[PDB]
Amino acid sequence: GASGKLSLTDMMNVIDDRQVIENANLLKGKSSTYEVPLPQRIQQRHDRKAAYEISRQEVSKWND
Amino acid sequence: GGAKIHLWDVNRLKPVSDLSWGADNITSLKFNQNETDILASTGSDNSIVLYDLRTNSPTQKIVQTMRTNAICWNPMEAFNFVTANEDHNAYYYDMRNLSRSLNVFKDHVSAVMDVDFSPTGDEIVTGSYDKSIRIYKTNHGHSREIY
Amino acid sequence: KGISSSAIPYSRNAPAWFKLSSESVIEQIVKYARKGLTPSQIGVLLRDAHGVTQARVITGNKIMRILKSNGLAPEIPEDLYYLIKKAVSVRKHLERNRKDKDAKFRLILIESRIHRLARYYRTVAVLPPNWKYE
Amino acid sequence: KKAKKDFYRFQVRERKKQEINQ
Amino acid sequence: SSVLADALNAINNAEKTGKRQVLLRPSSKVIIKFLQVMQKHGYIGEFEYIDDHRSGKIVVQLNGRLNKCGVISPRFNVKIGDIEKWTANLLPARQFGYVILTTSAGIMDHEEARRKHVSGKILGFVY
Amino acid sequence: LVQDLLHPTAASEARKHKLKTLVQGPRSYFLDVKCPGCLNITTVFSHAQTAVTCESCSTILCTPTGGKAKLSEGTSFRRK
Amino acid sequence: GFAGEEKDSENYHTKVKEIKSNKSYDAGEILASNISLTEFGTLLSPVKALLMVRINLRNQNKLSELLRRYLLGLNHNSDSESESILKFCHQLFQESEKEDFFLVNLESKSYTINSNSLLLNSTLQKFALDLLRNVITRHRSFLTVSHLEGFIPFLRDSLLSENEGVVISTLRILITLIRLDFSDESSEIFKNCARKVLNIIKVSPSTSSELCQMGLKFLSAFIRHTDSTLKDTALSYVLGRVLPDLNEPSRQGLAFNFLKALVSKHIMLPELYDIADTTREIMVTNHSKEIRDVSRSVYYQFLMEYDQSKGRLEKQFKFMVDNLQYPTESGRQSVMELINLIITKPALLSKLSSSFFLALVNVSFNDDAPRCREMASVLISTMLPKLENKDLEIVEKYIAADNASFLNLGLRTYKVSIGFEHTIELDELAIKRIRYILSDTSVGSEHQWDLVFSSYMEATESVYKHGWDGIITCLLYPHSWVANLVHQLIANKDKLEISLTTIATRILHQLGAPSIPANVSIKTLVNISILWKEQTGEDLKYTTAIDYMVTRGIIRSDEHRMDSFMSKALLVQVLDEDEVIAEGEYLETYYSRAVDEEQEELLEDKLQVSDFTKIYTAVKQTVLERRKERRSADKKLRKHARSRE
Amino acid sequence: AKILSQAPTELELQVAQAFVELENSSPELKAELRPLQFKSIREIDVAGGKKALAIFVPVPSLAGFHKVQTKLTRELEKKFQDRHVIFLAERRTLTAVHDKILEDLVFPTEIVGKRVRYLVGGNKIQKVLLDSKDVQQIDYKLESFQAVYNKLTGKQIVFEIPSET
RNA sequence: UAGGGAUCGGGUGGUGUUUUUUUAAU
RNA sequence: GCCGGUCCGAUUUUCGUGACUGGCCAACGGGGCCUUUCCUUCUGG
Ligand SMILES: [Zn+2]
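Protein chains in written order, with my numbering: chain A, 1 to 64; chain B, 1001 to 1147; chain C, 2001 to 2134; chain D, 3001 to 3022; chain E, 4001 to 4127; chain F, 5001 to 5080; chain G, 6001 to 6645; chain H, 7001 to 7165.
1. State the Cα-Cα distance for the pair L6043(G) and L6067(G), rounded to the nearest angstrom.
2. Looking at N2097(C) and ligand 1, is the gap between the Cβ and the nearest heavy atom below 7 Å?
3. Give me the pocket residues for ligand 1, defined as CB within less than 6 Å of any heavy atom, sorted by chain position.
4. Please decide whether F5045(F) counts as near chain C, where near means a Cβ-Cβ distance under 8 Å.
5. Identify each residue in the region 5009-5031 of chain F for which the Cβ-Cβ distance to at least one residue of chain H is less than 9 Å, and report them in chain order.
6. Go through its chain and collect everything with a Cβ distance to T5075(F)'s Cβ below 8 Å, but skip five positions before and after it.
7. Considering only the alpha carbon of each residue, which of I6113(G), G6028(G) and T6144(G) lies closest to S6082(G)?
8. Using a beta-carbon distance cut-off of less than 7 Å, what residues from the region 7147-7161 of chain H approach chain B?
9. Just to confirm the assignment, what range does the beta strand (DSSP E) spanning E7043(H) have?
10. Using DSSP bridges, identify the partner residues of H7084(H).
11. What is the DSSP secondary structure of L4035(E), counted as helix, strand or coil?
12. When the distance is taken between beta carbons, is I7044(H) closer than 8 Å to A7052(H)?
13. Listed from N- to C-terminal order along the chain, which residues in the region 1012-1039 of chain B have their beta-carbon within a distance smaller than 7 Å of any beta-carbon of chain G?
14. Taking the alpha-carbon of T2053(C) as reference, which of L5031(F), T5065(F), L5071(F) and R5015(F) has the nearest alpha-carbon?
15. How big is the Cα-Cα spacing for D6547(G) and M6566(G)?
16. Give me the residue from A4088(E), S4073(E) and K4116(E) with the minimum Cα distance to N4009(E).
17. Is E7010(H) close to chain A? Criterion is C-beta to C-beta, closer than 8 Å.
18. For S6288(G), go through chain H and note every residue whose CB falls closer than 9 Å to its CB, in chain order.
19. Flag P37(A) as yes if its beta-carbon sits less than 8 Å from any beta-carbon of chain G, otherwise no.
20. Kindly identify the DSSP beta-bridge partner or partners of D1052(B).
21. Leaving out the 5 sequence neighbours to the left and right, which residues in its chain are closer than 8 Å to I2076(C) when beta-carbon positions are compared?
22. Would you identify the three-state DSSP class for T1126(B), choosing helix, strand or coil?
23. Find the nearest neighbour of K6386(G) within the set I6424(G), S6353(G), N6121(G) and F6127(G), judged by alpha-carbon distance.
24. Can you tell me which residues form a DSSP beta bridge with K7127(H)?
25. In whole angstroms, what separates the C-alpha of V6298(G) from that of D7082(H)?
26. Could you run through the region 7095-7128 of chain H and flag, in chain order, every residue whose CB is less than 8 Å away from some CB of chain E?
27. What does the Cβ neighbour count give for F6101(G), buried or exposed, with the cut at 16 atoms within 10 Å?
28. Where do the N-terminal and C-terminal ends of the alpha helix (DSSP H) with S6445(G) fall, by residue?
29. For the structure I just gave you, are there three or more beta carbon pairs, one from the region 5043-5053 of chain F and one from the region 5066-5073 of chain F, closer than 8 Å?
30. Are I2063(C) and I2042(C) closer than 8 Å when you measure CB to CB?
31. Applying the criterion that 16 or more other CB atoms from any shown protein chain within 10 Å of the CB defines a buried residue, is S6455(G) buried or exposed?
32. Looking only at its chain, what residues have a beta carbon closer than 7 Å to the beta carbon of residue 6648(G), apart from the 5 residues adjacent to it on each side?
33. Taking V1082(B) as part of the beta strand (DSSP E), name the residues at either end of that continuous run.
34. Check whether the Cβ of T1065(B) lies closer than 8 Å to any Cβ atom in chain F.
35. Under 8 Å, Cβ to Cβ, is there at least one residue of chain G near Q7081(H)?
36. Mark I4044(E) as exposed unless 16 or more other C-beta atoms lie within 10 angstroms of its C-beta, in which case mark it buried.
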């Protein structure tokens, strides 16, 4: 609860301040992913764009 | 179609699915004649929408300059349709490239109230808001003749 | 007849490229009023001095009520005073040379158009009645 | 630029006050 | 003039000409509820009240079904035992067409007026 | 010739009069001008109706005309 | 009818009584009208009399709401809890399942055929729903085999009717009845309706409908409670069907219950991995309450109960590790609870606890503290669970890895090998000596410059709360008390040090100057009053009274009034500082008036002190009046109205 | 810190901390946000999953919130992510309050059309439609706008932009 | 009942010749 | 409706039921409270 800001961006820096194999454990825990979803109409617009792509891919069977 | 398009089957009293873009009414619909799981519709936002029941979702939407009255698919191309709207010319769209109406049949004087393809796949019947019907061929773009 | 008028837009708020406060406009319009300028001239000099649309949009109310609130009210309204000024000017010109029969016609018309508005102002009672153009 | 010598209540009070004084 | 009479004259002579979408500039909520009940009877299509602050305009996408609308400029009291006389004097038949009256719910036609068992004054007829 | 009497083409609404459209509105824009004497900025109406003058150095900005007012040949403007 | 249409109409407004409360009517009414002989029939009969003619979906849905009110009334009722009216549920089942040449004619409009040749089926569907909800409310009383063995043919008949509302009730009833045991007839019925719900998933092109969702709950019940499961490939198909529906809402509780059901029931499927990935991303990134919770439940159940390999077991772990850096406050809370479950129930803990403590320290250094307190609790659980080696590497990282390094070491020592803790405390005492030195003096100089860092200071205050080393730290803490949060922590530490362990006069002078030039201010006032009551004793008491006189903003004023009312030989060693209370004889003014009246509630010496204070105030007023009369200003005495207005 | 202190809670103290942390990042807010004045903020669930926080301003100071809207929205949008922040004023009437909280709900400005169309069944539908400005940003938060306006007055209002979308 | 061309007065936009450029104008 | 728990029996996990518990979620309704902010104008004495 005692929240001092400290202006620090030191995740990898706090990992890289010791002896060997601690950086090996820190590399063993490293993904850096899973961003935030977009709002509802933009997610709907993008997946109905994808639906349009697969529907044109479907009727290109009938194209010949 | 109504306030928004609904999809029923005859084993339920309630609508199975609801498939609009936004809260906008839909004047007419039509299914295919083959590749049956997709369909098209027209709403009074002057808009043509397509839908695909395999993805169970709308899929594309164009907006013309006047309201489309009646759409009709081709029973031999399966990806072409005609579109009859209040400006006095029945457009003829290709589905998988909806940027260009690949034909426009341009002989009436009033609103183009309905169109349909013949099942031979090349003649268009149309019937206008003015007291006349016309028959077109697909490959020309003007009127063959008139009743 | 013909139409030629302003077209006040659909929005009803300060147009958001505004970079100026609200009471500063009030200070500007009471400054021009203490300079002695008529409300329509306040409106055009406020359209062009700093980018307001008009005072009913940018401030809380119109310039007539804000000048009555700041204590610089006019004793007679704008159109009444301007028709009186036009009437006395054309009367002075006709008394300079009485042969101007078109000015006689226009003086009769301005007298009619000012007695119509005087009838409206007396029947709404915003000037004190007995006021009947001298 | 083109102010009026009339038409305001406080200005016509000043004018009638000048006429009352001298 | 009378805004309701001029509005109904606008859609009447536009139908007589044979257009489809009719603009109708001076609008009011009486005209809104008027042609709302006539679109309940399906005598026009849908319509739209574009709202600008001064008066609001009306655009109606009528199809073909009107032949004469209109109003009656003396809006007098009409009893329940007199709307049958007024239908016989205004319309070409009994059930062919309607006549809408202003009443204590307000823009009912004469079928709904005899259903709800109220009445009032006559403001317009449509058939 | 034959258009929808609802929302028409934007080219058509910019074509016709500012009173005859559906929702009437302005076609005059407010523009900010850089006073070339002392390089500050001030706002000015398009159809300016008055010779507006800078507050720093009251040289001139736009001589009024019937329609748009002519900016006075040293001034640099931007629409806003 | 007419009153209902006038109520639901728009153009009737101006009343409070026309909001109508129309269904608590019957909710209260059938608590008394449940004679269940005739009057319930007179409930049901005009519903049929209005239902035979015509209806809309409007009147249909409000009628279904009314019958829902009837059913909650019967569950709230206590007249039928033993089998007397199951006769009537059976009764409702049994009641559900040339010539005109002279004839004159007016009224040319014909009869619309739509009246009842369906709508009898509408009656059948809706009081079938009513009676099946009646049976599902009598499940609250009893579940007797021989009283609804005679019901189960009507139940399978109404299931095979498929008119949506009866299916919604009958799938719930079979969910409750799957715990029981009828005969081979029930074995056939249960396998038949399992095939039925597989058929409705096959035909309904969405599983985010209420029927498909509740049917998925029924498939969960059929998996959980039977002797005979069926069709590995078909359950693989229905799970591949539910898989892409996981994103968009109205799918949540029932399908996730089905997920939890079969992942508990242990079957190995290739599609469970895909739904595990999507439900992990849902658990982190969801935005609705408790849906992230139930997805965390099913993801933890899969991640523990099932058998992955080294690649998945590494990648999901680092997914959690960097999912800790998610920007929300609640998805972070859910991944904190996931690490909490992993911690509470290891060799994987030995492999992961170092980087877990590092990432939870980064989450402590992250945003606004509702995640940092949870990170502190999780790190406390991890450090308590660590055996030796994780704590050794953690102490190495706290002693090696500026201001963030010092704060991390201080918080690590505050959480948790007492000899290694003593060596770390020696390093911390060196850091606290190098930190708490002249920074408080420069801070007091800044306060004097006002009324003419602190991260290491709060870390040292926390470390002194954690731990003649105590004497040297008490001198350093007295120096540190000698910005507002730092002074608050220092006043708490000074009270604790004076409790645990002139010099006390100098500490009282520093505390009085700190309180002069909020809850910690109240605690400091309590500590100063305790020090003065425990008390150059008379000189220190006189200096305390003079400091109270110079004190008597709003918080310190209320504390000064409370200290004066608590401090005041009744008046011999008391008559020193009643002049401020005599001078005190807008909410701060109200609190000061209440405290002044309380102090005046709390004899001859009192009249003497009152006379002395009134005479001193009268002499001051006389001196001010004489100075005004000899120096005679009005602008400064009148401009307060223009400043306030 | 600088809120009205009649009923504080955690998220409004967090966004006041976001304000004073913008004050800690000092060299642009040259005492302009010192006349800030809240009345109440409130989170509201929408149909898009996420939430919209409505911050109220007592409206002699809605013109005080003048050039600070864009910068503080892009500050607290990276600070307290995935919400939607909207300022509103508050108080023959109350339709004026409705469309005034609409006009200050969308933006400081930029609504250009109110349309209402009436279908043949009886369903009214009321569209409001913006003009053309910053559409590539305002397209994201369009469902939250109609969601919170429906939550704040019960009127069913659908938002639209005169473009292809 | 509706449509089109031309002209006069005003305004907007275009972009060629008449025009011209540090005297003002437009 | 979701979930955790005191239990009985099997267990050194987990399930059957009967009790009983709380943490929370939606639908109902009941009692208040805030939307008459704190400050100026009645028909007559
Ligand atoms: Zn300049």
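All C-beta atoms in this analysis are idealised placements derived from N, C-alpha and C, irrespective of residue type, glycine included.
Reading off the structure:
1. 10 Å
2. no
3. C5035(F), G5037(F), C5038(F), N5040(F), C5054(F), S5056(F) and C5057(F)
4. Answer yes: the Cβ-Cβ gap between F5045(F) and chain C drops below 8 Å somewhere.
5. Answer in chain order: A5010, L5022, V5023 and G5025.
6. Cβ within range, chain order: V5033, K5034, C5035, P5036, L5061 and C5062.
7. For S6082(G), the nearest C-alpha among the options comes from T6144(G).
8. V7158
9. Its beta strand (DSSP E) spans residues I7041 to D7045.
10. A7052(H)
11. helix
12. yes
13. Here the close residues are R1012, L1013, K1014, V1016 and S1017.
14. Checked all of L5031(F), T5065(F), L5071(F) and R5015(F); the closest Cα to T2053(C) is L5031(F).
15. So the two alpha carbons sit approximately 16 Å from each other.
16. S4073(E)
17. Not closer than 8 Å to any Cβ of chain A, the Cβ of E7010(H) fails to qualify, so no.
18. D7045 and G7049, listed in chain order.
19. yes
20. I1038(B) and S1057(B)
21. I2084 and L2127
22. Of the three classes helix, strand and coil, the one that applies to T1126(B) here is strand, per DSSP.
23. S6353(G)
24. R7115(H) and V7158(H)
25. 25 Å
26. Per Cβ criterion, the list reads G7113, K7114, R7115, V7116, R7117, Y7118, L7119, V7120 and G7122.
27. With fewer than 16 Cβ atoms within 10 Å of its Cβ, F6101(G) is classed as exposed.
28. For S6445(G), the enclosing alpha helix (DSSP H) stretches over residues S6439 to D6450.
29. yes
30. yes
31. buried
32. This structure gives no information on residue 6648(G), because the portion of chain G shown stretches from 6001 to 6645.
33. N1080 to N1085
34. Taking Cβ atoms only, chain F reaches closer than 8 Å to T1065(B), which makes this a yes.
35. True, the Cβ-Cβ gap to chain G drops below 8 Å.
36. buried
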